[PDB]
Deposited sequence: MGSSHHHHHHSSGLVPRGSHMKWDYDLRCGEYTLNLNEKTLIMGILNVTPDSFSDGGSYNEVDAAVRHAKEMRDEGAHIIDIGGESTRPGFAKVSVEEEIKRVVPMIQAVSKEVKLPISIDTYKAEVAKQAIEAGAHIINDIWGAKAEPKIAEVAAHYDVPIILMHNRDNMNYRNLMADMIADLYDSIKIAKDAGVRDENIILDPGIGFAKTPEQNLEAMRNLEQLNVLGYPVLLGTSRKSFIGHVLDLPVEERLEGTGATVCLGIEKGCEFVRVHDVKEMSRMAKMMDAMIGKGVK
């Protein structure tokens, strides 16, 4: 179906073969420090290595100053990238930040403002020639038509991407769950993911432990595994490529089961 791979440095991800799990590195902050404390990182490396072991195929590393985020995250990318043999994605909207990460050893860029926040980002994706993820997100929540608007808004991201010079191969789409959407907006979007596909790019769907699960099911964050299940399952028969989850053990076994049913 996809005839192209996610060439990304020393690694490459194959879209046809299986659903590709992105593991959320939870960036618990050693407050007494801004930078690479031993606990801070070890703890992070401990937790990636784990996820390596859980079936996860990429690691995600999430008003605050740039400088910090750079001292925060540049010594962290650098341990894991050097310790864990998998591609590593940065979770920033900042271009000054984007650079440093990829400079550290970061692989795929994950943006929650989809080149809108700081256009300069896209240029940097161009430059180090690396996949970027664009997310739907906005600063009000007035939609004539949820989807039609999403798909619009997504499109004015791709514009900047493609204008700055990102190859189509290096572009990924994220519907951006829990951003700028009431929890009924979130549902509808889940109901109608599949129209993200007309647009001809991989979709990554991020729903682990999200507050709409708790709106429906009425159960809080540490009891949201099952919710996350369904969103990932429906997520997938609707043809999405990556899912970005916390619970790697459990979702990884849900991916593979759907992957065998829909015959992926």
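No alpha-carbon coordinates exist for the deposited sequence positions 1 to 21, 84 to 92, 295 to 297, given here in order along the chain.
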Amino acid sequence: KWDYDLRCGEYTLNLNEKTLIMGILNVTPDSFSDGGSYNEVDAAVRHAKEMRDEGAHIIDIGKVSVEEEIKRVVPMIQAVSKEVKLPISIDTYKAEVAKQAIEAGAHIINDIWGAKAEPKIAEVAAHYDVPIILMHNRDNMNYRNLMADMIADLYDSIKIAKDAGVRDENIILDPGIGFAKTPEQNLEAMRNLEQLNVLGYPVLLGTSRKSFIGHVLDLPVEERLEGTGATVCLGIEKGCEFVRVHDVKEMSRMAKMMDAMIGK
From here on, numbers count along this sequence of modelled residues.
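Checked against the other entries of this protein, residue 63 counts as unresolved in at least one third of those spanning it. Modelled in this chain, residue 33 is nonetheless absent from a third or more of the other compared entries whose models extend past it on both sides. As recorded in the PDB entry, 139 to 147 is the stretch of 180 to 188 and 139 to 147 with the greater mean C-alpha temperature factor. Taking only CA atoms, the mean B-factor in the PDB entry is higher for 63 to 71 than for the other of 224 to 232 and 63 to 71. Going by the entry's values, 55 shows the largest Cα B-factor out of 55, 200, 214, 206.
Sorting the modelled residues of the chain by their CA temperature factor places residue 170 in the middle third. Residue 195: CA B factor lies in the lowest third for its chain, per the PDB record. Sort the modelled residues of the chain by CA B factor and residue 245 lands in the lowest third. Sort the modelled residues of the chain by CA B factor and residue 110 lands in the lowest third. The entry lists a Cα temperature factor for residue 42 that places it in the middle third of the chain's modelled residues.
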